[PDB]
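1. below: the sequence, then the experimentally determined structure.
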Amino acid sequence: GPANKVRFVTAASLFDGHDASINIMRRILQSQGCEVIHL
Amino acid sequence: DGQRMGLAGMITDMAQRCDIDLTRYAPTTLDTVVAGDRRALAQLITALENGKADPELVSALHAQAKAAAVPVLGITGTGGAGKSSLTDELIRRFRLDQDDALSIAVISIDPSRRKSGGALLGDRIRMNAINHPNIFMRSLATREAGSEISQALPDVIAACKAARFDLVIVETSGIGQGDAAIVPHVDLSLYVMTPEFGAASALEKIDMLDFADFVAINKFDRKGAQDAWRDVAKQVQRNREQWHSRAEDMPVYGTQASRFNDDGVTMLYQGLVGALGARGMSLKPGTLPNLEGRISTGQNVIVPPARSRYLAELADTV
Amino acid sequence: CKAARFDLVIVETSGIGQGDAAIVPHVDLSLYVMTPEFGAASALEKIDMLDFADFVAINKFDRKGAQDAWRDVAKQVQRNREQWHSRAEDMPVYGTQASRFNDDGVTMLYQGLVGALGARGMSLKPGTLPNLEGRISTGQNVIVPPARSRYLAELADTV
Amino acid sequence: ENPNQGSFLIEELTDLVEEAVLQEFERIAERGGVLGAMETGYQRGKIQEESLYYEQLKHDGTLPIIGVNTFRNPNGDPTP
Ligand SMILES: Nc1nc2c(ncn2[C@@H]2O[C@H](COP(=O)(O)OP(=O)(O)O)[C@@H](O)[C@H]2O)c(=O)[nH]1
Ligand SMILES: [Mg+2]
C-alpha cells in the first residue's frame, strides 16, 4: 500500500470509568494495520 | 447505525477516507527549528522518518550536532522489564531536584507487527509526568523487518540534539540477548533486568552487560532479590576484570519502580548525577537528601512479607 | 541433517527478544516457551511471536500469577487467532513444570504434539502412555503444598 | 550432670545462640523454602563465603590457634 502509515490516538473523556470501548476500537484499528498510541 | 452498517465497515471507511500523506508540508530550513517551534519540529521528525528531506539538510543537522555536546542516554533491556516506568521515575526526579530548569527530550521505539503491518506504540501511556512545555516526548515504530532501531535513528537523534535541549533519553524495544543496537550511537547505557532471569551461569552470556554502563534490577518484590543482586554484582566485577575492588562497590544498583519514592531510585539518580558531572554538563547543585547505600530497604512497605499469607492462617483458625 | 534419513529434527534457537521471529519460514512446527513473569497483560499483545507459534507453553509455576498468566495468554491467543466462536479453555496453550519429573502438563503437551505430527502424516506406532486429559498440571508429586512455605516463621513465632 | 550452678554465662550464651538461630531460620524462610534454597544454591554459596573468610583469617594469623602460627620449633618440619 501507500508508504505512509496511519497514526491514531485513542482515549476516554474525563470521568468515565469504563474502558472496554477504547480497547475494542483500538484492537480493530490495529487489525487494520494502523499504528496507534493508546494513552 | 453502528449495529446496522457494522463497526468493521465503519472502521474500514474511516481508514480509507483519512488516507493521504502530508509529505509536501515539510519546511526547508532549520532556522525556525532552532528558534523553538514544536509543530515544525514534529514536521522535521516525520520527514526524516520517511526520508523525504534533502541530504543537505541532514548534513547541516550533523554539523550542528557536532557542536551540540549534549547528553545522550539510552535505556534498554528485556521485553516487559518495565523500563518505561524507570524512565518516568527518572524524569520525575529530574524535575523535582532541578526545579524544572532543564530541557528534557525523550524518544521511544516500539516494535511493529511484521504480519499485519501496523503496530501498537504503547509506551507513552505509562509515563504521566510530561505535562509541561519544557519536557518533550516522541515515539517511533520499527517498520523494518530485522532490527530493533530505526532506519534513520541517528538522523532523528541528531535532529533532536540540534534543538538546543538539555538531555536526551532514548529507549528501544525489548531486546533479546545478542543485540547491541544502542551501544555505539549513544553516550551512556542503562540496562534493566528482572530477578526471574534464569540460572546464575546464564548471567554470563547476556552480551548487553559487556557494554553496560549501569545495570538496574526492577521489581524487587519477588524472590531472590538479594541473591540476584549478588550474582549480578559478581558477574559485573568479573567482566570488568577490576579485581582490585571488593564486590559491594561495583556500580550496579537495582530499584523498585512502581512503589512511590523508592530509595534506590534516589541512589541511582545520585550516581547518574555523578556520571554526568564526570562528563561535565551544566546543572545546579544538589538539593535532595543525597543518601548512600546500594539496595533499597523496602521503606514504607505496607506489608513486610513476613505476614504475607495471613488469610490461610485465619482459615486454619476457623 | 534432513538428508541423514532421520525420524525427527528438533532445533532450539537463541534466547529471543520481541521483534524477532526469524525461525518462521525455515522449519515446519513452532513451539514458543514463556514465563509467568512477563509483564502486564496489555503488554503481551505486542509479542509478535504469537502470530505464528503453533504451540505456546509457560514453564514452571515457581512464582505466582501462573493461573493468571494462563488465562491471559489463552485469551490473547484466541484474540490473535480469529477463532472467536470457541471458548478459551480448549485453546492449544499448555503450562508445565520442567524441574519436576513426570509432570502432567508435559504428558499433555506430548499427546498434543503426537496429534500434530499425525496431522502432518508421520509414520509411527500407536500410543502406549495413559492418554490423560487436561490443560494445566496440578503439580502432583510435589514435596510440599505451597500453603506452608514459611513454616520457619511459624516456629520462630512459637518460640 | 548439671554444672549450671553458679552460671550466668551458660544462660546468656544459650539465649543469644537461640536468638541467632531463630533469626537465621527467618532468613531461610524468606529465602522461600529449603527446596528453593537447594535450587538457588543459597546456603552452598554462603558456606563458600564463610569458609573463604575463615581460611583468610587463619592465614592472617589474627586468631590464636596453638601450634600452627607459632611455636615453630627450630628443628624444621620433617614429618615422616
Ligand atoms: N512489581 C513491580 N511491578 C512493576 C514495577 N514497575 C513496573 N511494574 C509493572 O510493569 C508494568 C509496566 O511495564 P512497561 O514499562 O509498560 O513495559 P515496557 O514498556 O516494555 O518496559 C506495570 O503494569 C507494572 O505492573 C515495580 O517496581 N514492581
Ligand atoms: Mg513497551
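-> Here it is on my side, so go on. Numbering: from 1, shown residues only, chains lettered A, B, ... in the order given. Ligands and ions are numbered 1, 2, ... in the order given.
2. stretch B:10-21 close to chain A?
-> Yes. Using C-beta under 8 Å from any C-beta of the partner chain, stretch B:10-21 reaches chain A at B:11, B:12, B:15, B:18, B:19, B:21. For every residue, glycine as well, the C-beta is placed using N, CA and C.
3. the fifth one: neighbour count?
-> The one in question is residue B:19. Other residues within reach of residue B:19, judged by other C-beta atoms under 10 Å in any protein chain shown, total 10.
4. could you find the closest non-adjacent residue to it?
-> Distances taken as C-beta to C-beta, 6 or more residues apart in numbering or on different chains put residue A:2 closest to residue B:19, at 6.6 Å, once the chain neighbours are dropped.
5. with the fourth one instead?
-> Once its chain neighbours are removed from consideration, residue B:18 has its nearest residue in residue A:6; the separation is 6.8 Å (C-beta to C-beta, 6+ apart).
6. quick one: the helices in chain A, in order.
-> A:20-31 (DSSP state H).
7. of all the residues in chain A, which one is nearest ligand 1?
-> In chain A, the residue that lies nearest ligand 1 is residue A:38 (11.7 Å; C-beta to the nearest ligand atom).
8. please work out how many residues are found near that residue.
-> Using other C-beta under 10 Å: residue A:38 sits among 20 other residues.
9. for it, give the beta-bridge partners.
-> According to DSSP bridges, residue A:10 are recorded as the beta-bridge partners of residue A:38.
10. and it, how far is that from residue B:279?
-> Distance, residue A:38 to residue B:279, by C-beta to C-beta, to the nearest Å: 36 Å.
11. can you tell me which helix in chain D is longest?
-> helix D:9-30.
12. got the buried residues for the helix or strand just after that helix?
-> Downstream of helix D:9-30, the next assigned helix or strand under DSSP states H and E is helix D:33-40. Within helix D:33-40, the residues that count as buried by 16 or more other C-beta atoms under 10 Å in any protein chain shown are D:33, D:34, D:37, D:40.
13. check whether the helix or strand containing residue B:239 contacts chain D.
-> Residue B:239 is located in helix B:225-240, with elements delineated by DSSP H and E. Yes. Against chain D, helix B:225-240 shows contacts by C-beta under 8 Å from any C-beta at B:227, B:230.
14. next, the buried residues of that helix.
-> Here helix B:225-240 shows B:225, B:227, B:228, B:229, B:230, B:231, B:232, B:233, B:234, B:235, B:236, B:237 as buried, counting by 16+ other C-beta under 10 Å.
15. one step back: residue B:100: which of the buried residues of helix D:33-40 is nearest?
-> The nearest member of those to residue B:100, counting by C-beta to C-beta, is residue D:40 at 44.6 Å.
16. for that closest one, which non-adjacent residue is closest in space?
-> residue B:227 (5.8 Å).
17. quick one: the one you found and residue D:39 touch, right?
-> No. At 10.8 Å, residue B:227 and residue D:39 do not qualify as touching, with contact defined as C-beta atoms under 8 Å.
18. quick one on the thing from earlier: now the buried members of the residues of stretch B:10-21 next to chain A.
-> B:11, B:15.
19. follow-up on the earlier one: so the longest helix of chain D versus helix B:225-240, what angle?
-> Per axes from the mean of the first three to the mean of the last three C-alpha atoms, to 10 degrees, the angle that helix D:9-30 makes with helix B:225-240 is 80 degrees.
20. what's the burial count for the nearest residue to residue B:52 once chain neighbours are set aside?
-> Nearest residue to residue B:52 in three dimensions, chain neighbours excluded: residue B:23, at 5.2 Å (C-beta to C-beta, 6+ apart). Residues lying near residue B:23 (other C-beta under 10 Å) number 12.
21. wait, residue B:23 sits on residue B:47?
-> Yes. Using C-beta under 8 Å, residue B:23 is in contact with residue B:47, at 7.4 Å.
22. on that earlier part again, give the contact list for the residue nearest to residue B:52.
-> When the contact criterion is C-beta atoms under 8 Å, 6 or more residues apart in numbering or on different chains, the partners of residue B:23 are A:4, B:47, B:50, B:52.
23. let's see it at 10 Å
-> Applying C-beta atoms under 10 Å, 6 or more residues apart in numbering or on different chains to residue B:23 gives the contacts A:3, A:4, B:46, B:47, B:50, B:52.
24. want to throw those residues into a markdown table with neighbour count?
-> Listed next are the contacts of residue B:23 as a markdown table, based on neighbours: other C-beta atoms under 10 Å in any protein chain shown:
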| residue | neighbour count |
| --- | --- |
| A:3 | 10 |
| A:4 | 13 |
| B:46 | 20 |
| B:47 | 19 |
| B:50 | 16 |
| B:52 | 13 |
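25. which one of these sits closest to residue B:217?
-> The nearest one, if we look at these relative to residue B:217 and count by C-beta to C-beta, is residue B:46, at 36.7 Å.
26. where's that closest one relative to residue B:39, distance?
-> 11 Å.
27. and the residue of chain B closest to chain C?
-> Using C-beta to the nearest C-beta, the closest approach of chain B to chain C is made by residue B:80 at 2.6 Å.
28. need the residues of chain A near chain C, please.
-> With C-beta under 10 Å from any C-beta of the partner chain as the criterion, chain A meets chain C at residues A:23, A:26, A:27, A:30, A:31, A:38.
29. those residues, buried ones only, as a PyMOL selection?
-> Buried members of the residues of chain A next to chain C can be picked out in PyMOL with the line below, counting by 16+ other C-beta under 10 Å:
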select buried, chain A and resi 26+27+30+31+38
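30. can you show me the CA trace of stretch B:299-314 as CSV?
-> Taking Å, rounded to 0.1, in the frame of the first residue of the first chain, the C-alpha atoms of stretch B:299-314 are listed here in CSV:
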residue,chain,number,x,y,z
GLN,B,299,11.0,1.5,53.0
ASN,B,300,7.3,2.4,53.9
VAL,B,301,6.3,-1.0,52.6
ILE,B,302,2.7,-1.8,53.5
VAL,B,303,3.3,-5.4,54.5
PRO,B,304,6.6,-6.9,55.5
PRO,B,305,6.3,-10.2,53.6
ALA,B,306,6.8,-11.9,56.9
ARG,B,307,3.0,-11.8,57.1
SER,B,308,2.0,-12.4,53.5
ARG,B,309,-0.3,-15.4,53.8
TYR,B,310,-2.3,-14.4,56.8
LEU,B,311,-5.6,-15.4,55.2
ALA,B,312,-4.6,-19.1,55.2
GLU,B,313,-3.8,-18.7,58.9
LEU,B,314,-7.3,-17.3,59.6
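31. show residues contacting it.
-> Contacts for stretch B:299-314 (C-beta under 10 Å, 6+ apart): B:221, B:223, B:256, B:259-264, B:298, C:146-150, C:153-154, C:156-157, D:26, D:29-30.
32. let's see that with 6 Å instead.
-> Applying C-beta atoms under 6 Å, 6 or more residues apart in numbering or on different chains, the contact partners of stretch B:299-314 are B:263, C:147.
33. identify the farthest-apart pair in the buried residues of helix B:225-240.
-> B:225 and B:237 (18.8 Å).
34. might you report the residue contacts of the residue in chain D that chain B sits nearest to?
-> In chain D, the residue that lies nearest chain B is residue D:32 (5.0 Å; C-beta to the nearest C-beta). For residue D:32, the contact set (C-beta under 6 Å, 6+ apart) comprises residue B:223.
35. and the residue of chain B closest to chain C, how many residues sit next to it?
-> Residue B:80 has 18 nearby residues by other C-beta under 10 Å.
36. tell me the spacing between it and residue B:193.
-> Counting by C-beta to C-beta - residue B:80 and residue B:193 are separated by 12 Å.
37. shared neighbours of these two, anything?
-> Common neighbours of residue B:80 and residue B:193 are not found (criterion: C-beta under 6 Å, 6+ apart).
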